[PDB]
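Peer 1: Contents of query13.cif (mmCIF, C-alpha atoms; chains and numbers go by the auth columns) are given next:
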data_upload
#
loop_
_atom_site.group_PDB
_atom_site.id
_atom_site.type_symbol
_atom_site.label_atom_id
_atom_site.label_comp_id
_atom_site.label_asym_id
_atom_site.label_seq_id
_atom_site.Cartn_x
_atom_site.Cartn_y
_atom_site.Cartn_z
_atom_site.B_iso_or_equiv
_atom_site.auth_seq_id
_atom_site.auth_asym_id
ATOM 1 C CA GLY A 1 -48.600 -153.603 88.721 0.00 1 A
ATOM 2 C CA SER A 2 -50.104 -155.523 91.631 0.00 2 A
ATOM 3 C CA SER A 3 -50.736 -159.268 91.418 0.00 3 A
ATOM 4 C CA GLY A 4 -54.492 -159.748 91.599 0.00 4 A
ATOM 5 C CA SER A 5 -57.221 -162.224 90.681 0.00 5 A
ATOM 6 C CA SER A 6 -60.844 -161.820 89.594 0.00 6 A
ATOM 7 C CA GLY A 7 -63.710 -163.428 87.704 0.00 7 A
ATOM 8 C CA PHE A 8 -67.411 -164.274 87.650 0.00 8 A
ATOM 9 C CA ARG A 9 -69.720 -166.945 86.237 0.00 9 A
ATOM 10 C CA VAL A 10 -73.318 -165.729 85.999 0.00 10 A
ATOM 11 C CA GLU A 11 -74.988 -166.683 82.719 0.00 11 A
ATOM 12 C CA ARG A 12 -78.509 -165.293 83.090 0.00 12 A
ATOM 13 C CA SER A 13 -80.431 -163.329 80.460 0.00 13 A
ATOM 14 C CA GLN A 14 -84.040 -162.228 79.985 0.00 14 A
ATOM 15 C CA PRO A 15 -86.209 -162.216 76.831 0.00 15 A
ATOM 16 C CA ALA A 16 -88.001 -158.992 77.753 0.00 16 A
ATOM 17 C CA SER A 17 -86.787 -156.038 79.820 0.00 17 A
ATOM 18 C CA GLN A 18 -88.332 -152.571 80.056 0.00 18 A
ATOM 19 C CA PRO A 19 -85.921 -149.631 79.620 0.00 19 A
ATOM 20 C CA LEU A 20 -85.034 -147.935 82.907 0.00 20 A
ATOM 21 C CA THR A 21 -83.063 -144.695 83.196 0.00 21 A
ATOM 22 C CA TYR A 22 -82.586 -141.679 85.462 0.00 22 A
ATOM 23 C CA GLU A 23 -85.037 -139.685 83.345 0.00 23 A
ATOM 24 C CA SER A 24 -87.730 -142.263 84.096 0.00 24 A
ATOM 25 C CA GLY A 25 -90.135 -141.263 86.851 0.00 25 A
ATOM 26 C CA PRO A 26 -92.097 -143.438 89.302 0.00 26 A
ATOM 27 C CA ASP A 27 -94.567 -144.331 86.551 0.00 27 A
ATOM 28 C CA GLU A 28 -91.850 -146.292 84.750 0.00 28 A
ATOM 29 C CA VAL A 29 -89.941 -147.461 87.827 0.00 29 A
ATOM 30 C CA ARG A 30 -92.968 -149.555 88.783 0.00 30 A
ATOM 31 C CA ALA A 31 -93.145 -151.056 85.292 0.00 31 A
ATOM 32 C CA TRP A 32 -89.487 -152.096 85.253 0.00 32 A
ATOM 33 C CA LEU A 33 -90.004 -154.056 88.473 0.00 33 A
ATOM 34 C CA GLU A 34 -93.177 -155.796 87.302 0.00 34 A
ATOM 35 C CA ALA A 35 -91.433 -156.667 84.037 0.00 35 A
ATOM 36 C CA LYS A 36 -88.972 -158.787 86.018 0.00 36 A
ATOM 37 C CA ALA A 37 -91.739 -160.092 88.279 0.00 37 A
ATOM 38 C CA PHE A 38 -89.834 -159.386 91.495 0.00 38 A
ATOM 39 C CA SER A 39 -92.726 -159.192 93.959 0.00 39 A
ATOM 40 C CA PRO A 40 -96.229 -157.705 94.372 0.00 40 A
ATOM 41 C CA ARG A 41 -94.940 -155.781 97.389 0.00 41 A
ATOM 42 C CA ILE A 42 -91.607 -154.456 96.123 0.00 42 A
ATOM 43 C CA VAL A 43 -93.373 -153.278 92.967 0.00 43 A
ATOM 44 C CA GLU A 44 -95.743 -151.030 94.915 0.00 44 A
ATOM 45 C CA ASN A 45 -93.089 -150.056 97.461 0.00 45 A
ATOM 46 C CA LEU A 46 -90.429 -149.162 94.893 0.00 46 A
ATOM 47 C CA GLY A 47 -93.072 -148.243 92.333 0.00 47 A
ATOM 48 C CA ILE A 48 -93.509 -144.880 94.036 0.00 48 A
ATOM 49 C CA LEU A 49 -89.888 -143.725 93.890 0.00 49 A
ATOM 50 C CA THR A 50 -88.435 -141.894 90.889 0.00 50 A
ATOM 51 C CA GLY A 51 -85.653 -143.098 88.612 0.00 51 A
ATOM 52 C CA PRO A 52 -82.798 -141.748 90.762 0.00 52 A
ATOM 53 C CA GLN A 53 -84.688 -142.019 94.053 0.00 53 A
ATOM 54 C CA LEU A 54 -84.794 -145.776 93.467 0.00 54 A
ATOM 55 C CA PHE A 55 -81.214 -146.328 92.307 0.00 55 A
ATOM 56 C CA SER A 56 -80.210 -144.231 95.318 0.00 56 A
ATOM 57 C CA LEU A 57 -81.374 -147.128 97.490 0.00 57 A
ATOM 58 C CA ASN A 58 -78.458 -149.268 98.667 0.00 58 A
ATOM 59 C CA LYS A 59 -78.482 -153.049 99.089 0.00 59 A
ATOM 60 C CA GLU A 60 -79.273 -152.688 102.792 0.00 60 A
ATOM 61 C CA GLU A 61 -82.085 -150.269 101.948 0.00 61 A
ATOM 62 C CA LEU A 62 -83.631 -152.371 99.179 0.00 62 A
ATOM 63 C CA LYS A 63 -83.405 -155.304 101.592 0.00 63 A
ATOM 64 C CA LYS A 64 -85.025 -153.267 104.366 0.00 64 A
ATOM 65 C CA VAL A 65 -88.084 -152.534 102.228 0.00 65 A
ATOM 66 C CA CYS A 66 -88.042 -155.592 99.969 0.00 66 A
ATOM 67 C CA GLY A 67 -86.899 -157.743 102.875 0.00 67 A
ATOM 68 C CA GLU A 68 -85.134 -160.763 101.399 0.00 68 A
ATOM 69 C CA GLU A 69 -86.168 -160.263 97.771 0.00 69 A
ATOM 70 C CA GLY A 70 -84.306 -156.960 97.863 0.00 70 A
ATOM 71 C CA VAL A 71 -81.003 -158.800 97.523 0.00 71 A
ATOM 72 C CA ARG A 72 -82.228 -159.834 94.075 0.00 72 A
ATOM 73 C CA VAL A 73 -83.575 -156.402 93.135 0.00 73 A
ATOM 74 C CA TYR A 74 -80.238 -154.747 93.897 0.00 74 A
ATOM 75 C CA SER A 75 -78.389 -157.431 91.936 0.00 75 A
ATOM 76 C CA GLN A 76 -80.457 -156.452 88.898 0.00 76 A
ATOM 77 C CA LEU A 77 -80.442 -152.706 89.564 0.00 77 A
ATOM 78 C CA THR A 78 -76.665 -152.269 89.672 0.00 78 A
ATOM 79 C CA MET A 79 -76.441 -154.189 86.397 0.00 79 A
ATOM 80 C CA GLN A 80 -78.636 -151.554 84.751 0.00 80 A
ATOM 81 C CA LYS A 81 -76.888 -148.594 86.379 0.00 81 A
ATOM 82 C CA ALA A 82 -73.525 -149.624 84.932 0.00 82 A
ATOM 83 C CA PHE A 83 -75.157 -150.002 81.518 0.00 83 A
ATOM 84 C CA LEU A 84 -76.638 -146.509 81.799 0.00 84 A
ATOM 85 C CA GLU A 85 -73.329 -144.957 82.852 0.00 85 A
ATOM 86 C CA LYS A 86 -71.984 -145.727 79.378 0.00 86 A
ATOM 87 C CA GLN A 87 -75.181 -144.889 77.495 0.00 87 A
ATOM 88 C CA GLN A 88 -74.716 -141.308 76.306 0.00 88 A
ATOM 89 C CA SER A 89 -71.013 -140.700 75.679 0.00 89 A
ATOM 90 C CA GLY A 90 -70.424 -137.106 76.733 0.00 90 A
ATOM 91 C CA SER A 91 -69.427 -136.854 80.387 0.00 91 A
ATOM 92 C CA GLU A 92 -68.670 -133.301 81.513 0.00 92 A
ATOM 93 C CA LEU A 93 -65.791 -133.174 83.996 0.00 93 A
ATOM 94 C CA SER A 94 -67.128 -136.376 85.554 0.00 94 A
ATOM 95 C CA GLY A 95 -65.684 -139.840 86.095 0.00 95 A
ATOM 96 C CA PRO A 96 -63.556 -142.051 88.369 0.00 96 A
ATOM 97 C CA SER A 97 -61.794 -139.951 91.008 0.00 97 A
ATOM 98 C CA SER A 98 -59.206 -142.621 91.807 0.00 98 A
ATOM 99 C CA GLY A 99 -58.117 -145.716 89.907 0.00 99 A
#
Transcribe the structure of this file into structure tokens.
Peer 2:
Amino acid sequence: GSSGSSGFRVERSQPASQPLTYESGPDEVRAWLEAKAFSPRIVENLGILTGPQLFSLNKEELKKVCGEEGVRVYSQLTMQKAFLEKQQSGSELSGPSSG
């Protein structure tokens, strides 16, 4: 019960998008990047990390390795993460600590 405002206007979709999950190793992580066509550098740089190892990278990190492009990579990554969170309904004693 606390007055608050929110919203977002980002209408952007892609025709093709390779499936990326935590079970996907570095062999797939590199494919996901190329699929989006981020950059020839970020693909090889982030194409060596595993599924989780990559997602583990924070905005600052992704920006440190991907430089400026990173900002975009992270914007797309998070989007996927959230989608994965609610992929296989069956969380075991896991969830939001505080709401």
Peer 1: Which protein, DNA or RNA residues have an atom at most 12 Å from (-75.7, -143.6, 84.3), counting all atoms listed in the file? List them as a list in words.
Peer 2: residues 20, 21, 22, 23, 51, 52, 55, 56, 77, 78, 79, 80, 81, 82, 83, 84, 85, 86, 87, 88, 89, 90, 91, 94 and 95 of chain A
Peer 1: Could you spell out the hits of the PyMOL selection byres ((chain A and resi 73) around 10) on the shown file, as a PyMOL selection string?
Peer 2: chain A and resi 33+36+38-39+42+59+62-63+66+68-72+74-78
Peer 1: Near residue 43 (chain A), counting only C-alpha atoms, which residues have an atom at most 9 Å away, once you skip same-chain residues fewer than 6 positions from it, shown as a list in words?
Peer 2: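 Listed by chain and then number, they are residues 29, 30, 31, 32, 33, 34 and 37 of chain A.
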Peer 1: Could you check which of A:17, A:99, A:7, A:27 is closest to residue 44 (chain A), using only C-alpha atoms?
Peer 2: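 Smallest distance to residue 44 (chain A) is found for A:27.
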Peer 1: Could you check the closest approach to residue 50 (chain A) for each of A:15, A:26, A:67, A:1 and tell me which residue wins, using all atoms listed in the file?
Peer 2: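 Checking each of A:15, A:26, A:67, A:1 against residue 50 (chain A), counting all atoms listed in the file, the winner is A:26.
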